[PDB]
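Remarks on the structure that follows.
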Amino acid sequence: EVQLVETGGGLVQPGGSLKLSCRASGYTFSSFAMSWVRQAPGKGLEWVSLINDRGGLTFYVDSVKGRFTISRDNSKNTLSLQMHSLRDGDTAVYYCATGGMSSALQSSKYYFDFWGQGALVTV
Amino acid sequence: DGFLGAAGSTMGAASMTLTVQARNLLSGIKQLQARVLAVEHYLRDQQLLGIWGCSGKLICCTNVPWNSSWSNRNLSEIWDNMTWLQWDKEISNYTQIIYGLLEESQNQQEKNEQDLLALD
Amino acid sequence: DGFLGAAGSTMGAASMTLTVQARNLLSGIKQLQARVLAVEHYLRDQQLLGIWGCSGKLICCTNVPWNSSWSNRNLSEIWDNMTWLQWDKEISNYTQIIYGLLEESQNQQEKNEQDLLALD
Amino acid sequence: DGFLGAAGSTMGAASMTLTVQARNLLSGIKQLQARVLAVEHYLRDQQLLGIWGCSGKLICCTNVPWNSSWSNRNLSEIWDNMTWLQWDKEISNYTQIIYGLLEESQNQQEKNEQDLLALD
Amino acid sequence: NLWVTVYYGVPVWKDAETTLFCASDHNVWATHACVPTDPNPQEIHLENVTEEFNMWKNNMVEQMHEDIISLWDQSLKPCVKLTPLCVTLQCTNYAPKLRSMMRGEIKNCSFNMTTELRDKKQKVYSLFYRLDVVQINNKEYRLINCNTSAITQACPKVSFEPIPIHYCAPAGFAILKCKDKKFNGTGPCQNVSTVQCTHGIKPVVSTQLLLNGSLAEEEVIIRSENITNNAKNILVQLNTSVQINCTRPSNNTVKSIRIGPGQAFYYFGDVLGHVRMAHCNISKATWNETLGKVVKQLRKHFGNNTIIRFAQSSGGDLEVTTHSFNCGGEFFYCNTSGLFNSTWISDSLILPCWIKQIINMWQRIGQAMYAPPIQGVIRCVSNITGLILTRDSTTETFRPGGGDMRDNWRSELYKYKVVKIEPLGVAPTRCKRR
Amino acid sequence: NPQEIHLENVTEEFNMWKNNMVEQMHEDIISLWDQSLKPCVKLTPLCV
Amino acid sequence: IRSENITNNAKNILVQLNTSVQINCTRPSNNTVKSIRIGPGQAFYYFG
Ligand SMILES: *[C@@H]1O[C@H](CO)[C@@H](O[C@@H]2O[C@H](CO)[C@@H](O[C@@H]3O[C@H](CO)[C@@H](O)[C@H](O[C@H]4O[C@H](CO)[C@@H](O)[C@H](O)[C@@H]4O)[C@@H]3O)[C@H](O)[C@H]2NC(C)=O)[C@H](O)[C@H]1NC(C)=O
Ligand SMILES: *[C@@H]1O[C@H](CO)[C@@H](O)[C@H](O)[C@H]1NC(C)=O
Ligand SMILES: *[C@@H]1O[C@H](CO)[C@@H](O)[C@H](O)[C@H]1NC(C)=O
Ligand SMILES: *[C@@H]1O[C@H](CO)[C@@H](O)[C@H](O)[C@H]1NC(C)=O
Ligand SMILES: *[C@@H]1O[C@H](CO)[C@@H](O)[C@H](O)[C@H]1NC(C)=O
Ligand SMILES: *[C@@H]1O[C@H](CO)[C@@H](O)[C@H](O)[C@H]1NC(C)=O
Ligand SMILES: *[C@@H]1O[C@H](CO)[C@@H](O)[C@H](O)[C@H]1NC(C)=O
Ligand SMILES: *[C@@H]1O[C@H](CO)[C@@H](O)[C@H](O)[C@H]1NC(C)=O
Ligand SMILES: *[C@@H]1O[C@H](CO)[C@@H](O)[C@H](O)[C@H]1NC(C)=O
Ligand SMILES: *[C@@H]1O[C@H](CO)[C@@H](O)[C@H](O)[C@H]1NC(C)=O
Ligand SMILES: *[C@@H]1O[C@H](CO)[C@@H](O)[C@H](O)[C@H]1NC(C)=O
Ligand SMILES: *[C@@H]1O[C@H](CO)[C@@H](O)[C@H](O)[C@H]1NC(C)=O
Ligand SMILES: *[C@@H]1O[C@H](CO)[C@@H](O)[C@H](O)[C@H]1NC(C)=O
Ligand SMILES: *[C@@H]1O[C@H](CO)[C@@H](O)[C@H](O)[C@H]1NC(C)=O
Ligand SMILES: *[C@@H]1O[C@H](CO)[C@@H](O)[C@H](O)[C@H]1NC(C)=O
Ligand SMILES: *[C@@H]1O[C@H](CO)[C@@H](O)[C@H](O)[C@H]1NC(C)=O
Ligand SMILES: *[C@@H]1O[C@H](CO)[C@@H](O)[C@H](O)[C@H]1NC(C)=O
Ligand SMILES: *[C@@H]1O[C@H](CO)[C@@H](O)[C@H](O)[C@H]1NC(C)=O
Ligand SMILES: *[C@@H]1O[C@H](CO)[C@@H](O)[C@H](O)[C@H]1NC(C)=O
Ligand SMILES: *[C@@H]1O[C@H](CO)[C@@H](O)[C@H](O)[C@H]1NC(C)=O
Ligand SMILES: *[C@@H]1O[C@H](CO)[C@@H](O)[C@H](O)[C@H]1NC(C)=O
Ligand SMILES: *[C@@H]1O[C@H](CO)[C@@H](O)[C@H](O)[C@H]1NC(C)=O
Ligand SMILES: *[C@@H]1O[C@H](CO)[C@@H](O)[C@H](O)[C@H]1NC(C)=O
């Protein structure tokens, strides 16, 4: 019953920007941390960004520390990612996932529990 | 200078002697009652600072932004052209709001630190 | 919520309002004696926190491991399926041991920091 | 050991039990007056430590250098061949100077930190 | 895996006893040593909290008792001390031709008494009630107080009208209010709510029938420490009030004389009209219905095949054998035997009352009080809000009992408990101090 | 050697008619007077 | 033997013994006590 639905963009050129968004259903949104995982068309998986359940602590992979902003709205059950510059090497499918962190009073996670289907971002 | 010597000094100069006033807060049933009340008020001020994340500090910076409506004066007019007695009057109607904002921002900071420390 | 409004809330929810209870601890010889005793007990609790390395904090993490025998419940049962009133009863027989362990670990931490700072 | 058990111990050994003495400071009008006075003196000592930048600490290092004239003994003679009762007598004539220096160095540290945090 | 985390501000508490302070918005129970009340006091409902209450072990009752004793003694202390009244009185009947009650109840007593100067005595004629005067053997009599205690004359300027007093917790403590409809008096409460202070409680002094108290919300509630043990009192809280109309119809006058350099004595004067018996009326149908409700609820603890009988008091003096109250500043003692004479098997009632001026309150011996007479006709209207009953085969006989004033305050304080906040505790979390 | 610290550029408003120090001084004098007279001979025998 | 000053004859000497000496004190007479009332709540006790 858990579902994450990507509503992303399309093709942009280097120097522009693109905002991705995911809608969540089937679980309490505010109870889980969420993250973005990137997969280039011909490559494997890599982690890009992590946001905690309250949207107060954010972490990024070094390659995007100065380019991407991750935010969430717990009343809308919406996760979003604002990506700047978008170079040729950033073409990939961007997946939302639930898991990756737990807010001290919850049991340990350190894994991605649920996955969406992925938005395709091209350059 | 001595106790309250800076009362007529500007805020940016008066802040240099905060210790002088701080040390003068602790230094016959009616007199015993007055002493107990003074102790309770001292502790209430220390508790209020403690719940803001400002413990052993006389000058403490916070993460609450200034909302301008409280006072829209230039920073140099407040610190160089005002005394603390005047400033205490200009914003006397906003101190409860600021105190509430400080308490909330400290609660958020403590919860975020507790969660941040859990990342093995 | 208001004072003790969270008494029936779960521990993981009740901890959100610690400030509300903290602010209500300070807010005719018999009455003066009661006030002096209340002040002494407040200070004893603050001293006890101070000797553990938890000064201006409402939530404070320590380096004492949980020994399981004190309580072997799952973390999610304690924080989501228990109130603080019940928890205070389950471990009422172990608080002296935990307090002693916290005092010892703080003594070790302070001595190690004092020695660490000496490395020119 | 127990309360004041370390009184005859050397300084480098006696410092191991600071908590033991710290916990014994808080633990009929004349008796009520004595209790209020004891509370005021406890708070005066805590305030004095607070204005030096030493809040929740029993051992606190500072940036005031030792001027030698206060005591020109070798470090190992002070810590291994002296008790705290003797040391309290050797430098009983210099504690006001040291306290003033500590207060000034804390004022300088707090102002420098306030300015350092402003570098956007 | 898990580490100890310290939390301060934890919403937990322990049972505790402490000193509560007075709060209230001349008068014996309204002194200046009381904190003005909060015009908008707070109440915080506690969801999912089931605290255990015990009205019979509630330390608030002893403090309230001591505070009332202290206020009473403080108010009576700075007043005239009537040691000169321990003299021989020469008394005759006030109204030798009376053919009604009060015949022989009021005596016209002559005595000397001192004056402003120590070298001269006066001659004073005054009236006393029979209950205040005992024969020595126109007959010689003395006041009852000269047997055990000198009397302090109450200051005529200090009212005895009950004024509600609120009790407030000191910092660090909280008061929990049961709010459980049909509360047993002991046991868990499902509607526990935290309050800053209690409701106002009137320090009403009475025996046998509780006056101007709180009513039950759903039904008559019968509470006792132990029902089986016949030595315990039973407090019956009614869900309706019964209106009581008490009066002293005589148009009494007050005279006064000087007795010393700055002291004056007030005494009963003449009667500007007929001498009449003090009395009090209770509606008959209302009382019968109320008593029927009490028996209906009382049967639940004894059985539905029993006989519940009511009878008047047995031994003791008028402090415990009769109903007593302060009406208009006068002290009335009423027979009540017409209220408790019935057997219960599965338009206006008039009670005579006597007036007594020599008072020994709080069941103390050695500290007598003299109530000055009040000029004029006295009438008051009171509410019966509860009864005190004692136990005395399938037939059970109940009597008014009473006399211990703490029983008159538990009926109001039964819903409050004092707890101490201990806002410090530990819990395991996945959080290490680096 | 009591201290006095002059306050430069301070203009406080005073009101001698609403000064609570007067009532305390009055009560303190009454208290001292009564305390001193209390432990003394009470001459009630002179009302002759 | 302890004193503030032995030379000064105005000071007292306190001698603390290392053994106790047993003292047997008595009032052998079989004394009675009588009492009378003297006022409204007062009574005086006297040798009978
Ligand atoms: C239970 O509560 C009822 C009230 O609900 C209470 O009855 C009331 O008692 C008071 C005090 O006895 C009555 O107040 C008096 O009313 C008469 C009216 O003629 C006044 O003359 C009285 O005057 C006194 O107070 C004045 C204050 O200014 C003085 O100037 C004057 O000299 C007197 O000292 C006084 O105001 C009140 O009228 C009754 N209420 C009714 C409806 O009768 C009852 O007593 C309570 N129960 C018990 C056991 O106390
Ligand atoms: C008072 O005013 C003078 C003149 O403007 C100024 O120099 C001084 O710093 C002010 N403050 C004090 C404390 O004198
Ligand atoms: C500033 O205060 C006003 C009310 O005085 C409020 O409406 C506004 O939202 C505040 N601004 C911010 C940024 O909080
Ligand atoms: C009380 O119980 C209800 C029902 O389980 C729950 O929703 C609520 O959070 C609990 N706590 C409080 C304070 O109501
Ligand atoms: C846990 O507590 C028991 C006693 O209750 C003790 O024997 C044991 O050593 C403790 N474990 C640790 C790791 O300290
Ligand atoms: C006292 O002196 C002895 C002998 O030098 C030494 O061993 C001991 O540590 C000293 N201190 C105490 C507290 O006994
Ligand atoms: C040491 O103290 C003396 C006075 O006792 C003073 O003259 C000297 O300057 C001090 N030294 C330092 C480095 O402050
Ligand atoms: C009052 O004193 C006089 C003294 O001569 C005495 O004769 C008289 O009988 C006394 N009155 C009473 C009522 O005893
Ligand atoms: C006087 O007091 C005694 C007890 O002290 C009592 O027995 C006696 O009955 C009293 N006198 C009268 C007339 O009641
Ligand atoms: C307790 O409170 C609830 C909610 O107000 C109410 O429905 C229930 O009847 C109360 N319990 C009693 C015994 O009155
Ligand atoms: C009082 O309780 C009785 C039951 O004993 C009930 O019949 C009556 O209606 C109640 N009165 C009110 C006003 O609720
Ligand atoms: C209250 O209920 C309990 C049932 O646990 C009962 O034993 C007790 O006697 C009751 N109290 C009264 C006063 O009836
Ligand atoms: C109540 O009184 C009876 C009297 O016989 C006694 O047996 C019973 O134990 C008492 N109740 C309690 C709880 O002690
Ligand atoms: C009582 O008598 C006085 C005499 O002056 C009169 O004024 C008053 O009205 C009378 N009161 C009654 C109730 O008769
Ligand atoms: C008491 O009797 C005397 C007898 O002469 C009389 O004068 C006096 O008026 C009577 N007392 C009263 C109150 O009438
Ligand atoms: C008591 O007096 C009121 C009016 O004040 C009246 O309505 C009521 O019926 C009276 N009751 C009795 C029993 O006299
Ligand atoms: C009135 O009293 C009689 C007993 O004298 C009783 O049988 C009857 O039920 C009572 N009426 C009511 C309404 O209780
Ligand atoms: C009450 O009156 C009855 C007569 O109806 C009498 O037998 C009883 O002794 C009286 N009780 C008191 C306490 O005076
Ligand atoms: C007595 O009861 C009536 C309701 O019948 C109520 O209106 C009145 O206020 C009550 N009196 C007191 C003093 O509580
Ligand atoms: C105690 O000993 C000292 C020796 O220093 C001596 O002077 C003093 O008098 C002695 N005290 C007594 C009471 O003998
Ligand atoms: C003891 O008393 C003698 C008396 O002559 C005096 O000379 C001596 O100084 C006293 N001792 C001290 C220590 O003062
Ligand atoms: C003293 O005399 C009384 C007289 O009753 C007697 O009981 C008592 O034993 C006597 N005691 C001695 C010691 O003779
Ligand atoms: C004192 O002397 C009188 C003389 O009659 C005698 O009766 C009395 O008993 C004596 N006192 C005692 C205590 O015997």
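Chain labels A, B, ... are given in the sequence in which chains occur in the structure tokens; within each chain residues are numbered consecutively from 1, and ligands are likewise numbered from 1 in the order shown.
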Please extract the residues at most 9 Å from ligand 15, counting only C-alpha atoms and all ligand atoms, and provide them as a PDB file with N, CA and C atoms, in the first residue's frame, using the chain letters and residue numbers of this document.
```pdb
ATOM      1  N   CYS E  91     -29.674  35.751  90.584  1.00  0.00           N
ATOM      2  CA  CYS E  91     -30.540  35.651  89.417  1.00  0.00           C
ATOM      3  C   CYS E  91     -31.955  35.254  89.806  1.00  0.00           C
ATOM      4  N   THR E  92     -32.907  35.842  89.080  1.00  0.00           N
ATOM      5  CA  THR E  92     -34.327  35.522  89.134  1.00  0.00           C
ATOM      6  C   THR E  92     -34.787  35.272  87.704  1.00  0.00           C
ATOM      7  N   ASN E  93     -35.986  34.727  87.525  1.00  0.00           N
ATOM      8  CA  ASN E  93     -36.461  34.506  86.165  1.00  0.00           C
ATOM      9  C   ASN E  93     -36.797  35.841  85.511  1.00  0.00           C
ATOM     10  N   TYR E  94     -36.404  35.987  84.243  1.00  0.00           N
ATOM     11  CA  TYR E  94     -36.683  37.222  83.513  1.00  0.00           C
ATOM     12  C   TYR E  94     -38.172  37.472  83.338  1.00  0.00           C
ATOM     13  N   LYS E 107     -32.589  34.392  82.417  1.00  0.00           N
ATOM     14  CA  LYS E 107     -32.533  34.801  83.808  1.00  0.00           C
ATOM     15  C   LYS E 107     -32.000  36.218  83.918  1.00  0.00           C
ATOM     16  N   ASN E 108     -32.585  36.980  84.833  1.00  0.00           N
ATOM     17  CA  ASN E 108     -32.213  38.358  85.130  1.00  0.00           C
ATOM     18  C   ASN E 108     -31.275  38.319  86.327  1.00  0.00           C
ATOM     19  N   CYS E 109     -29.986  38.514  86.051  1.00  0.00           N
ATOM     20  CA  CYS E 109     -28.903  38.344  87.008  1.00  0.00           C
ATOM     21  C   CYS E 109     -28.286  39.687  87.365  1.00  0.00           C
ATOM     22  N   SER E 110     -28.153  39.925  88.666  1.00  0.00           N
ATOM     23  CA  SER E 110     -27.493  41.093  89.222  1.00  0.00           C
ATOM     24  C   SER E 110     -26.080  40.730  89.655  1.00  0.00           C
ATOM     25  N   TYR E 125     -27.252  44.997  86.019  1.00  0.00           N
ATOM     26  CA  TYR E 125     -28.338  44.057  85.802  1.00  0.00           C
ATOM     27  C   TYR E 125     -28.241  43.619  84.351  1.00  0.00           C
ATOM     28  N   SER E 126     -28.248  42.311  84.108  1.00  0.00           N
ATOM     29  CA  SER E 126     -28.179  41.831  82.735  1.00  0.00           C
ATOM     30  C   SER E 126     -28.917  40.511  82.652  1.00  0.00           C
ATOM     31  N   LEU E 127     -29.271  40.118  81.433  1.00  0.00           N
ATOM     32  CA  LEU E 127     -29.929  38.841  81.218  1.00  0.00           C
ATOM     33  C   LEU E 127     -28.941  37.840  80.638  1.00  0.00           C
ATOM     34  N   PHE E 268     -26.664  41.432  77.126  1.00  0.00           N
ATOM     35  CA  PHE E 268     -28.050  41.300  76.718  1.00  0.00           C
ATOM     36  C   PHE E 268     -28.866  42.310  77.508  1.00  0.00           C
ATOM     37  N   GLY E 269     -29.698  43.075  76.821  1.00  0.00           N
ATOM     38  CA  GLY E 269     -30.500  44.108  77.456  1.00  0.00           C
ATOM     39  C   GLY E 269     -31.936  43.668  77.629  1.00  0.00           C
ATOM     40  N   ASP E 270     -32.859  44.568  77.312  1.00  0.00           N
ATOM     41  CA  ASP E 270     -34.271  44.279  77.463  1.00  0.00           C
ATOM     42  C   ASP E 270     -34.770  43.647  76.167  1.00  0.00           C
ATOM     43  N   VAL E 271     -36.050  43.289  76.136  1.00  0.00           N
ATOM     44  CA  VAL E 271     -36.688  42.727  74.951  1.00  0.00           C
ATOM     45  C   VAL E 271     -37.815  43.674  74.570  1.00  0.00           C
TER      46      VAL E 271
END
```
**Report entry** Spatial neighbours of range 59-62 of chain B, 8 Å, only C-alpha atoms, chain gap at least 2 places, as JSON, numbers by chain
**Finding:** {"B": [54, 57, 64, 102], "D": [110, 111, 114]}
**Report entry** Interface, chain A side, toward chain B (12 Å; only C-alpha atoms) as a PyMOL selection string
**Finding:** chain A and resi 33+51-59+100-110
Query - Residues near residue 33 in chain D, cut-off 12 Å, only C-alpha atoms, skip fewer than 2 positions along chain, as a ChimeraX atom specification - result: /B:28-36 /C:29,32-33,36 /D:28-31,35-40
Query raised in the report: Got a sec to check which residues lie within 8 Å of ligand 22, using only C-alpha atoms and all ligand atoms, and send them as a list in words?
Result: residues 28, 29, 30, 31 and 32 of chain G
Could you write those residues out with N, CA, C and O atoms, as a PDB file, in the first residue's frame?
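New file result.pdb:
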```pdb
ATOM      1  N   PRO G  28      14.177  10.843 101.794  1.00  0.00           N
ATOM      2  CA  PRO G  28      13.477   9.670 102.355  1.00  0.00           C
ATOM      3  C   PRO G  28      12.025   9.885 102.761  1.00  0.00           C
ATOM      4  O   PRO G  28      11.297   8.894 102.897  1.00  0.00           O
ATOM      5  N   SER G  29      11.570  11.116 102.969  1.00  0.00           N
ATOM      6  CA  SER G  29      10.218  11.325 103.475  1.00  0.00           C
ATOM      7  C   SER G  29       9.157  11.025 102.426  1.00  0.00           C
ATOM      8  O   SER G  29       9.307  11.354 101.247  1.00  0.00           O
ATOM      9  N   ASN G  30       8.073  10.384 102.875  1.00  0.00           N
ATOM     10  CA  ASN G  30       6.948  10.002 102.017  1.00  0.00           C
ATOM     11  C   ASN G  30       6.013  11.199 101.892  1.00  0.00           C
ATOM     12  O   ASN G  30       4.933  11.270 102.485  1.00  0.00           O
ATOM     13  N   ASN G  31       6.451  12.152 101.082  1.00  0.00           N
ATOM     14  CA  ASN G  31       5.752  13.416 100.907  1.00  0.00           C
ATOM     15  C   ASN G  31       4.479  13.282 100.080  1.00  0.00           C
ATOM     16  O   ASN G  31       4.428  12.517  99.117  1.00  0.00           O
ATOM     17  N   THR G  32       3.439  14.012 100.491  1.00  0.00           N
ATOM     18  CA  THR G  32       2.170  14.078  99.778  1.00  0.00           C
ATOM     19  C   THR G  32       2.057  15.426  99.075  1.00  0.00           C
ATOM     20  O   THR G  32       2.775  16.374  99.398  1.00  0.00           O
TER      21      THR G  32
END
```
Query - Selection within 12 Å of ligand 1 by only C-alpha atoms and all ligand atoms, output as an MDAnalysis selection string - result: chainID E and resid 26:27 156:164 202:207 209:214 241:247 323:333 373:385
Query - Neighbourhood of ligand 13 at 12 Å, counting only C-alpha atoms and all ligand atoms, reported as JSON, numbers by chain - result: {"E": [186, 224, 225, 226, 227, 228, 229, 230, 231, 232]}
Requested in this report: Collect all residues with atoms no farther than 9 Å from ligand 3, counting only C-alpha atoms and all ligand atoms, and output them as number ranges by chain.
Outcome: B: 65-70, 94
Selection from above, N, CA and C atoms, as a PDB file, in the first residue's frame, can you write it?
```
ATOM      1  N   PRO B  65      15.771  35.438  13.863  1.00  0.00           N
ATOM      2  CA  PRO B  65      16.017  36.656  13.088  1.00  0.00           C
ATOM      3  C   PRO B  65      15.246  37.826  13.669  1.00  0.00           C
ATOM      4  N   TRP B  66      15.751  39.031  13.424  1.00  0.00           N
ATOM      5  CA  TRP B  66      15.031  40.230  13.822  1.00  0.00           C
ATOM      6  C   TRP B  66      13.952  40.488  12.777  1.00  0.00           C
ATOM      7  N   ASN B  67      12.721  40.728  13.226  1.00  0.00           N
ATOM      8  CA  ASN B  67      11.583  40.849  12.322  1.00  0.00           C
ATOM      9  C   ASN B  67      11.336  42.281  11.850  1.00  0.00           C
ATOM     10  N   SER B  68      12.215  43.221  12.191  1.00  0.00           N
ATOM     11  CA  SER B  68      12.135  44.620  11.767  1.00  0.00           C
ATOM     12  C   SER B  68      10.963  45.384  12.379  1.00  0.00           C
ATOM     13  N   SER B  69       9.759  44.799  12.416  1.00  0.00           N
ATOM     14  CA  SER B  69       8.619  45.500  12.996  1.00  0.00           C
ATOM     15  C   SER B  69       8.852  45.803  14.469  1.00  0.00           C
ATOM     16  N   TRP B  70       9.665  44.985  15.141  1.00  0.00           N
ATOM     17  CA  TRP B  70       9.987  45.234  16.539  1.00  0.00           C
ATOM     18  C   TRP B  70      10.728  46.556  16.674  1.00  0.00           C
ATOM     19  N   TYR B  94       7.349  43.944  22.876  1.00  0.00           N
ATOM     20  CA  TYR B  94       7.693  42.782  22.065  1.00  0.00           C
ATOM     21  C   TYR B  94       8.522  41.723  22.781  1.00  0.00           C
TER      22      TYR B  94
END
```
